[PDB]
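Here is how the chains run, residue by residue.
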Amino acid sequence: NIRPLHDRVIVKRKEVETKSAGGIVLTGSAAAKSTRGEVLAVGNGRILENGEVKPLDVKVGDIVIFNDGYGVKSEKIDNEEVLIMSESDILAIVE
Amino acid sequence: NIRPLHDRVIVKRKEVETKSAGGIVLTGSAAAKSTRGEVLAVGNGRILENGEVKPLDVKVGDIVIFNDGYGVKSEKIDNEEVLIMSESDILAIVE
Amino acid sequence: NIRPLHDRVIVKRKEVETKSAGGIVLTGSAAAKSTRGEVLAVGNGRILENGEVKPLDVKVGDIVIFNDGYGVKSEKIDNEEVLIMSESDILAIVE
Amino acid sequence: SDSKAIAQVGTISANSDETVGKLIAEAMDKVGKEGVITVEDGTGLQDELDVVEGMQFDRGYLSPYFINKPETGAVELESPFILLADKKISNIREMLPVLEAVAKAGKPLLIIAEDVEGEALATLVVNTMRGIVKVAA
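Residues numbered from 1 in each chain as written, not as in the entry; some residues may be left out. Chains lettered and ligands numbered in written order. Part of a larger assembly, values for the part shown. Heavy atoms only, no water. Residues with missing side-chain atoms left out of burial classes, pairs and counts.

- As stated in the entry header, the method of structure determination is cryo-EM and the reported resolution is 3.12 Å.

Looking at the overall build of chain D
Then step 1. Per the secondary structure count, chain D includes four helices and three strands.
Then step 2. The secondary structure elements of chain D, listed N-terminal to C-terminal, are α-α-β-α-β-α-β.
Then step 3. Computed over the C-alpha atoms, the radius of gyration of chain D is 22 Å, more than 25% above the 14 Å expected from 2.2 N^0.38 for a compact globule of 137 residues.
Then step 4. Considering only C-alpha atoms, chain D reaches an extent of 65 × 30 × 25 Å along its principal axes. (Helix = DSSP H or I, 4+ residues; strand = E, 2+ residues; numbered from the N terminus. Rg over C-alpha atoms; globule rule 2.2 N^0.38 Å.)

What about the side chain of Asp7(B)?
Then step 1. Tracing the sequence through the fold places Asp7(B) in the loop between strand 1 (2–4) and strand 2 (8–13).
Then step 2. Contact partners of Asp7(B), with chain neighbours within four places excluded, come to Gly45(B), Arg46(B), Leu56(B), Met85(B), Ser86(B), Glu87(B) and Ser88(B). (Contact = heavy atoms within 4.5 Å.)

Topic: a nonpolar patch on the surface
All names here are of chain D.
Then step 1. A surface patch of nonpolar side chains, about 360 Å² in accessible area, is lined by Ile 6, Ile 24, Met 28, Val 31 and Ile 37.
Then step 2. Top element by residues in the nonpolar patch is helix 2 (residues 18–31). It accounts for three residues.
Then step 3. Within the secondary structure, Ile 6 is located in helix 1 (residues 3–13).
Then step 4. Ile 6 gets classed as partly exposed once you look at its relative accessible area, which sits at 30%. (Patch = residues over 30% accessible without salt bridge, like charges linked within 9 Å, V, L, I, M, F, W, Y side chains within 5 Å. Areas by Shrake-Rupley, 256 points an atom, 1.4 Å probe, with all protein chains shown as cover. Salt bridge = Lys/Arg side-chain N within 4 Å of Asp/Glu carboxyl O. Buried < 20%, exposed > 50% of the residue type's maximum accessible area, 1.4 Å probe, protein only.)

What to know about the environment of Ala21(B)
Then step 1. When you line up the elements, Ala21(B) lands in the loop between strand 2 and strand 3 (36–42).
Then step 2. A residue is classified by how much of its surface remains accessible, and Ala21(B), at 75% relative accessible area, is exposed.

Things to note about the nonpolar core
All names here are of chain D.
Then step 1. Grouped together as the largest cluster of nonpolar side chains are 20 residues, with contacts concentrated most on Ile 111 and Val 135.
Then step 2. Of all the elements in the fold, those that place two or more residues in this core are helix 3 (96–105), strand 2 (109–113) and helix 4 (118–129).
Then step 3. Looking at which element gives the most residues to this core, the answer is helix 4, with four residues.
Then step 4. With near-sequence residues (within four places) excluded, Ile 111 lies in contact with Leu 83, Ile 89, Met 95, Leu 124, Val 135, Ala 136 and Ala 137. (Core = buried A, V, L, I, M, F, W, Y, C linked by side-chain atoms within 4.5 Å.)

Examining the relation of the copies chain A and chain B
Then step 1. Between chain A and chain B, the superposition needs a rotation of 52° and an axial shift of 0.0 Å, giving an RMSD of 0.3 Å.
Then step 2. Interface residue correspondence from chain A to chain B reaches only 11%, placing this contact among heterologous pairings that use different surfaces. (Least-squares fit on C-alpha atoms.)

So, the relation of the copies chain B and chain C
Then step 1. Here chain B sits on chain C after a turn of 51° about the axis and a move of 0.1 Å along it, with an RMSD of 0.3 Å.
Then step 2. Each copy contacts the other with its own distinct surface, as only 6% of the interface residues of chain B are interface residues in chain C too.

With respect to the arrangement of the chains
Then step 1. The assembly contains three pairs of chains in contact; the pair sharing the most contacts is chains A and B.
Then step 2. At the C-alpha level, the nearest point of chain A lies 30 Å from chain D, with no contact between them.
Then step 3. In this structure chain B stays clear of chain D, and the shortest span between their C-alpha atoms is 13 Å.

Comments concerning the interface of chain A and chain B
Then step 1. Contacts between the two partners involve 18 residues from chain A, matched on the other side by 19 residues from chain B.
Then step 2. Elements with a minimum of two residues in the side of chain A that touches chain B: strand 1 (2–4) and strand 7 (73–77) of chain A.
Then step 3. Counting residues per element, the side of chain A that touches chain B draws most heavily on strand 7 of chain A, which supplies four residues.
Then step 4. Here the residues of the side of chain A that touches chain B are counted per class, giving six nonpolar, six polar and six charged.
Then step 5. Of the pairings in the sheet, the one linking strand 1 of chain A to strand 9 (residues 90–94) of chain B comprises three bridges and is antiparallel in character. For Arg3(A), the partnering residue across the bridge sits in strand 9 of chain B and is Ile93(B). (Nonpolar A, V, L, I, M, F, W, Y, C, P; charged D, E, K, R; others polar. Pairing = 2+ DSSP bridges.)

Some words on the interface of chain B and chain C
Then step 1. With 16 residues of chain B in contact, the opposing surface of chain C contributes 16 residues.
Then step 2. Those elements that provide at least two residues to the side of chain B that touches chain C are strand 1 and strand 7 (73–77) of chain B.

Details of the pattern of salt bridges
Then step 1. In the structure shown here, the tally under the stated rule is 13 salt bridges over all chains.
Then step 2. The partner of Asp7(C) in a salt bridge is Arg46(C), and the shortest N-O contact between them spans 2.5 Å. Of this pair, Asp7(C) sits in the segment before strand 1 (8–13) while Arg46(C) sits in strand 3 (residues 46–47), and the two are 39 residues apart along the sequence.
Then step 3. Between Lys30(D) and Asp29(D) there is a salt bridge, with the nearest N and O atoms lying 3.3 Å from each other. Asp29(D) carries the same exposure label as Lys30(D), and that label is exposed.
Then step 4. Through salt bridges with shared partners, a single ionic network connects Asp7(A), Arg46(A) and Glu87(A).

Some words on the pairing of strand 5 (residues 63–66) of chain C
Then step 1. Summarising the sheet, strand 2 (residues 36–42) of chain C and strand 5 of chain C pair through three bridges and their orientation is antiparallel. The partner of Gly37(C) across the bridge, within strand 5 of chain C, is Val64(C).

Quick word on the sheet that holds strand 8 (residues 90–94) of chain C
Then step 1. With antiparallel pairing, seven strands are arranged side by side in an open sheet as 1(B)-8(C)-5(C)-2(C)-1(C)-7(C)-6(C). Of all the strands in the sheet, the pair left with one neighbour each is strand 1 of chain B together with strand 6 (73–77) of chain C. Pairs of neighbouring strands in the sheet enclose a mean axial angle of 40°, with direction left out of account. (Axes fitted to C-alpha atoms, helices over the stretch in contact; angles between N-to-C directions.)

Regarding the pairing of strand 7 (residues 80–86) of chain C
Residue and element names in this part refer to chain C.
Then step 1. Bridge analysis of strand 1 against strand 7 gives four bridges, and the strand direction is antiparallel. Among the inter-strand pairings, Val 11 is bridged to a residue of strand 7, identified as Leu 83.
Then step 2. Linking strand 6 back to strand 7 in an antiparallel pair, the connection comprises two residues, with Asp 78 at a positive phi of about 55°.

Spelled out as structure tokens, the structure:
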């Protein structure tokens, strides 16, 4: 078990679907990496300038949409790929 | 003895594993540098804008995951490799 | 005598060792420039947004480890090379 | 099989020249059954035979300062250590532990590699005359 620092979140990206709006299967570069993941670990919160900390809006168990970039890092934990990335890189939460 | 200043931390990176998911020996560029280390020295804390100082969240003895970058420096102290790195590059702590 | 301004520190770069882990003499580009220096003069302190000044944590007489960069300047005083550089480039204090 | 028959055959095949047959018989006796004999042009008016015992290859020292006996202009090492490295030796940092261990041992060292660049050669030669390690490349 790992907990992030400050306002960072552990997510795991969902598998890329091959079925797309019908029976046609997509293989190759057309099937891009999924931009949806399940949050796993959430830090205490971002440290404000004055000093107190505010909790994150995202709660563990929700489905989030994130924009992959330079700030997103991938590590191997429990022989499973997970993503560490800042909360500001979260775009929206489904349901 | 070496002590950091402000929000810097002394860590030593763990040895890169040669066996991954079995007895297969990994040699060459496949075995990347380990992103996990043991914290050794922790500074007093980051200096806020108003003036007061807040202690770091990471405590000495924990296993941390850090992102290699331009801010991470390697020094030759007491015939042992260590890393000086800002607390902002700490991603998560194991257990 | 020379005194710095704000948060700049006067250090004296130590001589590079010729023998490393034995009697073998290191000559050429292998012997990197020493990253350890002896502090000589310390300014009053960094100025805050409010207007108050806070003294530096480093004191004259200690040994510090600093990273060479664009902000580090080399000046000739008393027919001796010295380094004028900001406190933010100090990484750790030995002993 | 005997040396007399070999000498006779060498004499007959060399337009009846006794010296050639005797030289060939001596050379084949010295070099053994598995040896190799070659012929090249000389400089004097008399033929000569040189026999090499052991192993020898046509590669010399990479720096003249390695010489410890200027009387013959050659590098001689007694009970050395031989390091075989098939990788491009450029940075001295790769060779620190071996040199430290050999310096602790106190016996000469020889490096057989394809090439060594200027920096490592300079480091080795600096270490040579200062009495730390006796190294030939």
